[PDB]
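Below you'll find only one chain, the form deposited in one PDB entry, shown as structure tokens.
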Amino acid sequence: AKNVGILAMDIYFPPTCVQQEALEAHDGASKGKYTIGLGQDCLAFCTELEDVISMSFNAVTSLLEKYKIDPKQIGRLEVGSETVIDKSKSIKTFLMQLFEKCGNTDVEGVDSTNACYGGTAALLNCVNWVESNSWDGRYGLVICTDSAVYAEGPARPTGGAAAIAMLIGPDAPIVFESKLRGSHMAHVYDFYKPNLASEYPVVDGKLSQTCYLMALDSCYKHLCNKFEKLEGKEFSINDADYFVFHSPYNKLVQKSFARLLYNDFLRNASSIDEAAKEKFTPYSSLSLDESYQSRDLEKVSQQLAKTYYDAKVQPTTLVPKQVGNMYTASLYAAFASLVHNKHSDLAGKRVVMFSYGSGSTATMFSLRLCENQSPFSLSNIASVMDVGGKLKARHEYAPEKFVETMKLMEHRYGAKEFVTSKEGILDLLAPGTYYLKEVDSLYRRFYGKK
């Protein structure tokens, strides 16, 4: 099975959102804090009609239709998420609804979890399945779905919500460079959900950044070690056209690439010139526990990194910045907007992907995109995904009406025996969206279309 990777792709996010500027005011934050501080524009959220299942039906239904895939042609379907509706019954069984008709029940895969990382877990699982002795010739399908949703304090501005669907197969326009990757996994308490009854994480936002970069440095090192063996050269930031990142908010996207850049210094690689070596040089004598904790250094990193970041990272940022944290689908929404923006420069280019999940589980990995044939083309994908279309059909909510909706979702999380209030909302959704109709007294869930 040759050149396996992603053949086709679709996305779905709720059209309902709150402008970040409008919110800053609501919260009594300052002029800059969300639009400059977090570097976010607009935050999308599930109201009472939407959840990780419905978002899922949306992105799956939309992919099969638009790339014209026969649902008989699917032989593995996995889901990555961290939003839990049931502790035992996976989202992947809910989705089996759509194959209940095509008569196609012989489909491997369940859900993969660990925090922003499950989607990646699944992706790899599907690639590996296509490449294995048990591959039956049919497609893989991976769904990354999540609703990111936080309690009052300073983490609420970073929610977001979306599903992504990826079809996996041989002869892909987006080809995995199988051996060029680095993971880092560890036992760690930076962000987690111990509180079974609430949607809300316990987040230690200091640790939450120090561990993200701890993991990014180790992934990058492990990827560099592989690259030496493969290609005979030391890896620099110069060796990839684009870096794509898990994007919980744009600020941290910028510090991440700028950290790659700093890693290059430490290794004294190709992309570090003489002027940089001096700028960086005062910081040589710091411990790592110092390199992570140190603001002067972030400051200096970003400045050297500025112009490269504009070349290599900037075009991955459209969707995250206009939607918010999409947890497992974040990376792949960043990758999507990259395809939206530079689908024409892309043939022959190398995309480096960094997946992070708190707790922690992480993997950087590499893709070679290429000249391929529709339906499964860089152009057809960008076209099919209609990211400009979708951004255009959004519906704003005054911060108020959003705070309200938040309090409502909090009452619905975990609960039973409520029909959902339709009016003012149903007609905000595109004809053919799936939506929650009710939850019976046995917590069973019912969806309608349209």
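If you superpose the two forms and keep the largest set of C-alpha atoms that fall within 1.5 Å, you have the rigid core. In this text, residue numbers run from 1 along the sequence as written.
What comes next is about the form deposited in another entry, which is not displayed.
Only 149, out of 130, 351, 378, 149, shows a C-alpha shift of 2 Å or more between this form and the one not shown on alignment of the rigid core. In this overlay on the rigid core, residue 72 has a C-alpha that sits less than 2 Å away from its partner position between this form and the one not shown. After superposing the rigid core, the Cα of residue 206 is displaced by 2 Å or more between this form and the one not shown. Compared with the form shown here, the Cα atoms of residue 193 and residue 151 sit 3 Å or more farther apart in the other form. Relative to this conformation, a decrease of 3 Å or more in the Cα-Cα distance between residue 151 and residue 48 is found in the other form.
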